[PDB]
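1. Provide a 3D model corresponding to the input given below.
(chains A and B, ligands or ions: 2)
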Number of protein chains: 2
Amino acid sequence: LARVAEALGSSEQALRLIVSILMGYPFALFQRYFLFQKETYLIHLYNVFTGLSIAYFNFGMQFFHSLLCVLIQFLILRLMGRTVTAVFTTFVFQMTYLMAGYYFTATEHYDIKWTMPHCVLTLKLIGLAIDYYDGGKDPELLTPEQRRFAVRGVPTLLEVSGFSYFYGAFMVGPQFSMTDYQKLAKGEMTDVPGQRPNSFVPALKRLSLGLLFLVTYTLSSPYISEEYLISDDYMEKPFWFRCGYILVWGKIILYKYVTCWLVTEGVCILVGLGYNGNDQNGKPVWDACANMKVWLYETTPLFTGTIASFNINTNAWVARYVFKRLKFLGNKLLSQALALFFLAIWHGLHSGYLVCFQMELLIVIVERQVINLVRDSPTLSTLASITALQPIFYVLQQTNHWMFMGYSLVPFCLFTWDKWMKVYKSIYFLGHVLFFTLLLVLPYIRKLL
Amino acid sequence: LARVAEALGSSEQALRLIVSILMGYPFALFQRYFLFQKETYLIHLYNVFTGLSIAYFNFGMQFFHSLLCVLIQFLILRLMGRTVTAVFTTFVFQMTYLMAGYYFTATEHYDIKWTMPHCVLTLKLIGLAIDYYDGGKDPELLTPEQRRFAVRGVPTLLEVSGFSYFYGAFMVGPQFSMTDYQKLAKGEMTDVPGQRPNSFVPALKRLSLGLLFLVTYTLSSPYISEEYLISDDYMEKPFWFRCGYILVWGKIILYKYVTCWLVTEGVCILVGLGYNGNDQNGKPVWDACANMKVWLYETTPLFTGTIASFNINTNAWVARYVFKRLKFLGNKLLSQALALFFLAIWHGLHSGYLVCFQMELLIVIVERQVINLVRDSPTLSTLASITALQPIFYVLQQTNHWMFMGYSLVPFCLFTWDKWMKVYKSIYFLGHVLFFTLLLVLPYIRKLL
Ligand SMILES: CCCCCCCCCCCC(=O)OC[C@@H](O)COP(=O)(O)OCC[N+](C)(C)C
Ligand SMILES: CCCCCCCCCCCC(=O)OC[C@@H](O)COP(=O)(O)OCC[N+](C)(C)C
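-> Numbering: from 1, shown residues only, chains lettered A, B, ... in the order given. Ligands and ions are numbered 1, 2, ... in the order given. Below is the structure in question.
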């Protein structure tokens, strides 16, 4: 409806996405109470129907495209099951399908179109194929976590269709594995063997936090937007103020993402999929499929402290299915680039993503070098601080972290060859030149000390 | 000059290219008579100067890009000389440079721009890198051709610069190897151990034939052009006539290529680079760096007989450095489906090339299947012919060959999504559907017989 779209002050696409995400709670409540007896095919059909309904509500003309990619893989997965070339052909097919979709969409403004659910689906399917090939090997140890994380059996059409179309983690949801989905289907993922998983208390906290972030972001949205950055006229304000804007911006655009992940956690933890075990005391731990770690993402002066708390899940998937599969190159420095290149193509086909990831690589390397210089061969360095007082150091580090994360996040939201450089040149290319000088000078001063 | 361009009836680019190609003959005549004493650096400097002048007279200010590829490789070739990763990095760098040039250069007409000399240069440099890598291995009993080609030593800047900028084979010239260039530089490519090689008699034939083809093509150029097909008002004559046009066309557009190769052969055979050995009788053989074999390209009813008579210096290079190097994977078909893909990218970035190469692959497979069915399992099918009277079969086969080679060469000269399909749909997609039906039916009828 256009009336509600104009009333809420945002485009109808975002409202439709939010209502689709929020519609998962009644589905989970219905599932948790009417499926005590298993009869797994009921769960599989229910998941398929709910996922198809969710896809039809939003993308109600092109959803059958997804129904293609599930079926074709099932053929490729069936024949040449354990050969190496199956992995190659499925990887190439999925990549070329995604690239064709991206090329034929190629919209300039940020739009929530057909692309993202298919992106999540195709990455999950590649993961499933890799896992099946890995589990097809000999039953020896092979890094026992890898052994227990593999799949053994025949993945018939019903199981793969149900696992592909989970209603909760479909749009932007967390990426689970194949082995644990069958555990949920077979009902061995509960707090105790013979009762419903008691998870009401964890879910409300996540829902409250996600709603709080959502409401504060939508309240603070009109004040700051990615149009003041150029405006063709306001590129004359005092330099410091401009930097201050980049400090206020970036920290606000991130809250657009966070909330949805948090809220989808609420629909993913209620069904019991977020169980991993108990702690030393024995109490249950529900932080298994979490996509965000609040209270560490905020207060983290280190540049590397925002890489293990922001995305966490996709990063873990990339590390597990790229680094562990390219141990025969042996360079140890090429792979860390190649993975990023893959992460620079999975997001999109524009140019801003490459520059953003290059800046992230440069900043993390510089931070590693600086933290290696101190506290390892400090001499005067540590006893100069002597831990007498570090309020000023902490606040300066925090401001530096915010400013130089927003400064590299600018090309993420503006991914055109013209607007990016037009808004980026007014800052005198500060970050790249400064960090290049630091990188080229630091070994010399380290050798001096 | 525009006056000569309008007088000759062709654009100034073609005339400039032809005059540049023809300008090599005084260079070769000067070289053959004033360089009895070797002092190799004189030859290297002469080659560099002549190649740079030729590049200047065609592409005035842009030629430095070519230099920007010769020097960088010399660095990559110097450090990490014998490692595996050197091949990977030089391959990726050359491919991405060529792709960037093509993407920034792409136009909708056939333009003689910066691309082609850089394309030849980059493919030659990739070949040099592969050959140098295959020279640092153990000197065991490899394949004799590998030992005959492998280079041992360190290529300094002068030698690589001279070998890269050969004046004769620069624009569209044949692609020789690295080891034999040093043989020419050291003066051992002669009929008699020491004297000027006797090559006047072989050379004049390649001028007579080349000039004959050139004059016939330029005389018959105005009658047939690639505009009558797409005029959209000439698509209404009866069906057969249209097919007849495709028979007359295609066989004419090919003569645009042939001549130049022939003529550059004349400037490549005079210097003595076309020597390979003697025959059984003992007379010299000069068909070493030939790029086309006339008297077999014309009268060849077989569809596979036009692959060993067209350009046999790029096909041989591809087979030597891709087809017979990816034997570790061991599929025997995927490689045949991979190398062509490389050949589908080296030509350009448009879409017509892929379809043309796919059609060539399909027709050659169909021809192989048909020739396998006959003369191997006749079953009273050919024992009755006994060569009684079959000129009709020969002429029918020749007409079929011409028609279905032109029908697949059409997308080569028209490489846009719109023009190609508009000109191709009026023929009712005859070749693809016919060959698909033949491919799907032939095994069944073979099993029947
Ligand atoms: C209150 C309004 C709610 C707004 C809805 C936005 C949902 C966040 C998208 C998360 C998708 C994802 O997992 O990729 C994470 C990153 O990749 C971010 O992705 P992008 O923001 O660049 O979107 C284009 C790239 N896709 C297509 C691959 C998703
Ligand atoms: C009387 C007038 C003379 C006309 C001059 C034309 C010269 C023939 C080009 C041969 C280049 C080559 O070796 O590639 C052979 C094929 O690749 C053909 O190539 P194309 O015709 O498609 O040209 C674009 C592709 N390049 C850029 C790679 C060369």
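2. So which residues of chain A form strands?
-> In chain A, the strands defined using DSSP state E lie at A:277-278, A:284-285.
3. Quick one: closest of those to ligand 1.
-> Comparing those against ligand 1 with Cβ to the nearest ligand atom, the closest turns out to be strand A:284-285 (24.2 Å). To be clear about C-beta, it is placed using only N, CA and C from the backbone, and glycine gets the same treatment.
4. For the closest one, what is the distance to the chain centroid?
-> On the basis of Cα atoms, centre = their mean, to the nearest Å, strand A:284-285 sits 23 Å off its chain's mean C-alpha point.
5. Check which helices and strands that strand sits against.
-> Identification of packing neighbours for strand A:284-285 by 3 or more Cβ pairs under 8 Å, 6 or more residues apart in numbering or on different chains; DSSP states H and E yields strand A:277-278.
6. Check the offset of the strand it packs on from the chain's centre.
-> In terms of Cα atoms, centre = their mean, the centre of strand A:277-278 is found 24 Å from the chain centre.
7. I would like the residues contacting it, please.
-> A:284-285 (Cβ atoms under 8 Å, 6 or more residues apart in numbering or on different chains).
8. thinking again about what came up before, and the strands of chain A, which is most packed in?
-> Mean neighbours per residue, mean count of other Cβ atoms under 10 Å in any protein chain shown, is largest over the strands of chain A for strand A:284-285, with a mean of 14.
9. Starting from it, tell me which strands it pairs with and how they run.
-> Strand A:284-285 has the following strand partners under DSSP bridges: strand A:277-278 (antiparallel).
10. Tell me which of the strands of chain A sits nearest to residue B:279.
-> strand A:277-278 (80.4 Å; Cβ to Cβ).
11. What separation is there between the residue of chain A found nearest ligand 2 and ligand 1?
-> Here chain A gets closest to ligand 2 at one residue, residue A:103, 22.8 Å apart by Cβ to the nearest ligand atom. Here residue A:103 is placed at a distance of 13 Å from ligand 1 (Cβ to the nearest ligand atom, to the nearest Å).
12. Just give me the neighbour total for the closest residue to residue A:385 other than its chain neighbours.
-> The shortest distance from residue A:385 to any non-neighbouring residue, by Cβ to Cβ, 6 or more residues apart in numbering or on different chains, is to residue A:393 (7.4 Å). Residue A:393: 11 surrounding residues under other Cβ atoms under 10 Å in any protein chain shown.
13. Can I get the strands of chain A in a markdown table including distance to residue A:340?
-> Formatted as a markdown table, the strands of chain A follow (distance: least, Cβ to Cβ, whole Å):
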| stretch | distance to residue A:340 |
| --- | --- |
| strand A:277-278 | 32 |
| strand A:284-285 | 31 |
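14. Save those strands as a markdown table, and put in distance to ligand 2 too.
-> Shown next, in a markdown table, are the strands of chain A (distance: least, Cβ to the nearest ligand atom, whole Å):
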| stretch | distance to ligand 2 |
| --- | --- |
| strand A:277-278 | 60 |
| strand A:284-285 | 61 |
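15. Stretch A:44-61: how far from the chain's middle?
-> Distance, centroid of stretch A:44-61 to centroid of chain: 23 Å (Cα atoms, centre = their mean).
16. Go through that stretch and flag the buried ones.
-> A:44, A:46-48, A:50-52, A:54-55, A:58-59 (16 or more other Cβ atoms under 10 Å in any protein chain shown).
17. quick one: which of the residues you listed is nearest to chain B?
-> Nearest to chain B among the buried residues of stretch A:44-61: residue A:59, at 26.0 Å, using Cβ to the nearest Cβ.
18. How about that closest one, nearest residue that isn't a chain neighbour?
-> Closest to residue A:59 by Cβ to Cβ, 6+ apart is residue A:114, at 5.6 Å.
19. Next, count neighbours for that neighbour.
-> Residue A:114, neighbours per other Cβ under 10 Å, totals 19.
20. now residue A:246
-> Neighbours of residue A:246 (other Cβ under 10 Å): 20.
21. do the same with the one 10 residues further on
-> Taking other Cβ under 10 Å as the neighbour definition, residue A:256 ends up with a count of 16.
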